[PDB]
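**Q** compute the structure for the input listed below.
(chains A and B)
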Amino acid sequence: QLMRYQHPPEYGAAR
Amino acid sequence: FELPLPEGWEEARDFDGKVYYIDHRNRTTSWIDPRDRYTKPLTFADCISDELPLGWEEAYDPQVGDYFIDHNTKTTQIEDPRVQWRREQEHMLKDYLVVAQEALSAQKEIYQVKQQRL
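**A** Numbering: from 1, shown residues only, chains lettered A, B, ... in the order given. Please see the structure below:
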């Protein structure tokens, strides 16, 4: 696959 | 109706402005809207809508109960044609299990007793 999988932000990011 | 997020879930934006979802009960995050579990098909074979195909109509009679009208063939039937179709799929697969298994077991009963012809 040519596009790298992007993970979502970790729990607890800035609000 | 447009469902609200389930309790404990929160919509959020990442640093690039992409929407994602926060699950506070499980202290986790996901790109997947948790409401998708109800509104998206489970697999590429699934279909959320149960709507009858072109020409079919749901109908009701106070004695017979629910039945179905096929305007394509000008016929009526009591059985849900959606259920009927699924079961004919299921029957073909099961029939094959039985046939294939019987074939394989016969092949093996023959292969064996070539050395036990005795």
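
**Q** could you chop chain B up by domain?
**A** Chain B breaks down by automatic domain parsing into domains covering B:1-49, B:56-113.

**Q** let's have these in JSON lines, adding distance to residue A:9 and mean neighbour count.
**A** For the C-beta atoms, the positions are set from N, CA and C on the backbone; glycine is no exception. Converted to JSON lines, those look like this (distance: least, C-beta to C-beta, whole Å; neighbours: other C-beta atoms under 10 Å in any protein chain shown):
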{"stretch": "domain B:1-49", "distance to residue A:9": "5", "mean neighbour count": "11"}
{"stretch": "domain B:56-113", "distance to residue A:9": "41", "mean neighbour count": "11"}
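
**Q** and whatever residue of chain A ends up closest to chain B, how many neighbours does it have?
**A** Closest to chain B within chain A is residue A:8: 4.5 Å, counting by C-beta to the nearest C-beta. When counting by other C-beta atoms under 10 Å in any protein chain shown, one arrives at 18 neighbours for residue A:8.

**Q** and the gap between it and residue B:101?
**A** Note on residue A:8: its distance to residue B:101, by C-beta to C-beta, to the nearest Å, is 46 Å.

**Q** over to residue B:85?
**A** For residue B:85, the distance to residue B:101 - C-beta to C-beta - is 25 Å.

**Q** with residue B:16 instead?
**A** 54 Å.
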